[PDB]
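A.B. asks: Pasting a structure here, questions to come.
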Amino acid sequence: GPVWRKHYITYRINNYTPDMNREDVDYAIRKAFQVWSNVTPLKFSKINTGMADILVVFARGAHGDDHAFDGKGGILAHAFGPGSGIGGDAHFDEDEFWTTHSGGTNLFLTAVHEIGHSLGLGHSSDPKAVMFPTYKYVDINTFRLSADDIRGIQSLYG
Ligand SMILES: O=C1NC(=O)[C@](CNC(=O)c2cnn(-c3cccc(F)c3)n2)(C2CC2)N1
Ligand SMILES: [Ca+2]
Ligand SMILES: [Ca+2]
Ligand SMILES: [Ca+2]
Ligand SMILES: [Cl-]
Ligand SMILES: [Zn+2]
Ligand SMILES: [Zn+2]
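Just so you know, the sequence shown maps onto residues 1104 to 1261 in the working numbering.
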């Protein structure tokens, strides 16, 4: 698959989940981008106007792309690999209950996984990997990418 042919990447939060405080949503997303920028040459910037590379969206059901969300449970989010338009964008299922910790589905951890896809990673067979298919909560205070994750992203971006 493709990679981003540039190191300065922008994101915009299209809309905010009513589940969380807006500042917590901003924080979770910013910290998620930071995870990946720490291990790559990529720099992520939040923009408030115009078209961003990565649009962050909360939506439910069929929401205008090829893939409808499915209510509470099952699919938590999806994202599109590098490219123009919908490429890079990360969509979070509003039928989930997004939380700062483990009360519902953790937005930070979900966002790390989705951003990985936005940057061109597929899934990992390592259960320790953030790119493993199955969501599970981990202590976010001790959160780190696996060796499988770091190798994955550095093979794409150095
Ligand atoms: O992005 C996606 N890839 C997929 O295969 C689906 C299903 N998976 C999920 O909804 C999802 C979201 N986050 N996590 C997760 C996993 C492991 C650790 C972690 F921190 C978060 N899994 C599918 C394409 C709809 N969406
Ligand atoms: Ca895009
Ligand atoms: Ca769902
Ligand atoms: Ca919700
Ligand atoms: Cl919580
Ligand atoms: Zn979507
Ligand atoms: Zn995935």
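Ideal Cβ positions, reconstructed from N, Cα and C, are used throughout, including at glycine.
Taking the straight line between their C-alpha atoms, what separation do you get for residue 1143 and residue 1175?
C.D. replies: Approximately 34 angstroms, taken between the alpha carbons.
A.B. asks: Enumerate in chain order the residues of its own chain whose CB-to-CB distance from residue 1178 is below 7 angstroms, with the five nearest sequence positions on each side excluded.
C.D. replies: Excluding residues within five positions, the ones whose Cβ falls inside 7 angstroms are 1172, 1196.
A.B. asks: Have a look at the DSSP bridge pairing and note the partners of residue 1194.
C.D. replies: 1160, 1181
A.B. asks: Does the distance from the C-beta atom of residue 1224 to that of residue 1255 stay below 7 angstroms?
C.D. replies: yes
A.B. asks: At a cut of 8 angstroms, does the region 1114-1129 reach the region 1236-1247 through at least three beta carbon pairs?
C.D. replies: no
A.B. asks: With a CB to CB cut of under 6 angstroms and the five nearest residues on each side skipped, what residues in its chain are close to residue 1259?
C.D. replies: Closer than 6 angstroms at the Cβ level, and outside the excluded window around residue 1259, lie 1106, 1223.
A.B. asks: In whole angstroms, what separates the C-alpha of residue 1247 from that of residue 1229?
C.D. replies: Residue 1247 and residue 1229 have their alpha carbons spaced roughly 14 angstroms apart.
A.B. asks: Excluding the 5 residues preceding and the 5 following residue 1161 in the sequence, name in chain order all residues of the same chain whose CB lies nearer than 6 angstroms to its CB.
C.D. replies: 1118, 1120, 1195, 1197
A.B. asks: Do residue 1211 and residue 1243 have their CB atoms nearer than 7 angstroms?
C.D. replies: yes
A.B. asks: Since residue 1202 sits in a beta bridge, which residues does DSSP pair it with?
C.D. replies: 1209
A.B. asks: Given residue 1155, which residues of its chain have a CB within under 6 angstroms of its CB, disregarding the five upstream and five downstream residues?
C.D. replies: 1113, 1114, 1115
A.B. asks: What are the partner residues of residue 1148, as DSSP defines its beta bridges?
C.D. replies: 1113
A.B. asks: Please look up how many angstroms separate the CB atoms of residue 1192 and residue 1145, rounded, as I've assumed it's under 8 angstroms.
C.D. replies: That belief does not hold up - the Cβ atoms of residue 1192 and residue 1145 are roughly 16 angstroms apart, past 8 angstroms.
A.B. asks: Is residue 1174 helix, strand or coil when you go by DSSP?
C.D. replies: DSSP places residue 1174 in coil when its eight states are reduced to three.
A.B. asks: For residue 1220 versus residue 1233, is the C-beta distance shorter than 7 angstroms?
C.D. replies: no
A.B. asks: If you measure from each CB to the nearest heavy atom of ligand 7 and keep those under 7 angstroms, what residues do you get, in chain order?
C.D. replies: Counting only beta-carbon distances shorter than 7 angstroms to the non-hydrogen atoms of ligand 7, the qualifying residues in chain order are 1216, 1220, 1226, 1234, 1236.
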